[PDB]
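Below is one structure, written out as structure tokens; the observations come after it.
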Amino acid sequence: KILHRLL
Amino acid sequence: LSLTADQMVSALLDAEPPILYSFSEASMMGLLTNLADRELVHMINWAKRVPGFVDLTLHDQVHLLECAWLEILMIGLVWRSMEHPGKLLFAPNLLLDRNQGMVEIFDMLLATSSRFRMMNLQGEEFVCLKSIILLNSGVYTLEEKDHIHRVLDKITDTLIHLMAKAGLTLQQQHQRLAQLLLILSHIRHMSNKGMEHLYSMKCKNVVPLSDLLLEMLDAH
Ligand SMILES: Oc1ccc(CNc2nc(Cl)nc3scc(-c4ccccc4)c23)cc1
């Protein structure tokens, strides 16, 4: 999710 | 696992995130959650610069940040509040006392600030403690776990290196290491209380919670 995209 | 203790300390110092800027009860927690969302984005960048973290799989990185994010926000808030006794420096323009508070968490945060101030916590020690929170808080939830423990042992060596350089005896080193790590139990406790407060805010659908924070709650 968003955290995946942010890392 | 190749860095010297001094290189470890300088790597963590250089990775430090910036300090960001930010009354009804709907409005105060709007400020806090908006600030937390922005600090979380900078957290991701810092996490990627903690040595050992980039070695992990994306899913292990996600798990560790999902577990530790509020503990990391909280120790960061305590650290920048340390020189403001009795108050929490949420932002340079948001310095709050306990009457303005939430109060149960506010008091726990102030007590940690007071403990850090009484131990004279050093910035080099703080960035080590923050990195330990990131690597430890989700490790109990096989070669990957061994890597994380090897890195954790390195950070312990680094903390001990700092107290040796500071002139502490062996006995004093071990005692201070223990004092520092026991505070992490209290930070875990505050994060669990803060998470449960943030779930209550989500349920009543009044405070504007970002997509990002909402998924951090889903993970808990
Ligand atoms: O940028 C930062 C913003 C806030 C904090 C510490 N956050 C709190 N501090 C106090 Cl004193 N009370 C409460 S109640 C709920 C929270 C809370 C839980 C999850 C996200 C946001 C708020 C909270 C640390 C850094």
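Here chain B follows Swiss-Prot, giving residues 308-329, 337-415, 421-460, 469-547 in order.
Method on record in the header is X-ray crystallography, 1.5 Å.
Even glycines carry a Cβ here, placed using N, Cα and C.
Among the features that Swiss-Prot reports, 17beta-estradiol binding site is placed at B:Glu353, B:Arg394, B:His524, with the record citing experimental evidence. What Swiss-Prot records for B:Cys447 is S-palmitoyl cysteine, and it gives similarity to another entry as the kind of evidence.
Positions of Swiss-Prot features highlighted on the structure.
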{"residue": "B:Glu353", "record": "17beta-estradiol binding site", "contacts (Cβ under 8 Å, 6+ apart)": "B:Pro324, B:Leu327, B:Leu387, B:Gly390"}
{"residue": "B:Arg394", "record": "17beta-estradiol binding site", "contacts (Cβ under 8 Å, 6+ apart)": "B:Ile326, B:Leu403"}
{"residue": "B:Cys447", "record": "S-palmitoyl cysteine", "contacts (Cβ under 8 Å, 6+ apart)": "B:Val316, B:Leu319, B:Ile482, B:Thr485, B:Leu486, B:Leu489"}
{"residue": "B:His524", "record": "17beta-estradiol binding site", "contacts (Cβ under 8 Å, 6+ apart)": "B:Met421, B:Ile424"}
What recorded positions among B:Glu353, B:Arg394, B:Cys447, B:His524 have a C-beta sitting less than 6 Å from any atom of ligand 1?
B:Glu353, B:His524
Please check the gap where 5 residues are unmodelled: Cα of B:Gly415 to Cα of B:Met421, in angstrom.
6
Among the 17beta-estradiol-binding set B:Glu353, B:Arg394, B:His524, as the record gives it, the longest Cα-Cα distance in Å:
22
Rounded to a whole number, what is the Cα-Cα distance in Å spanning the 8-residue gap between B:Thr460 and B:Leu469?
12
In this deposited model, 7 residues are missing between B:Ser329 and B:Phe337; what is the Cα to Cα distance between those two, in Å, rounded to a whole number?
13
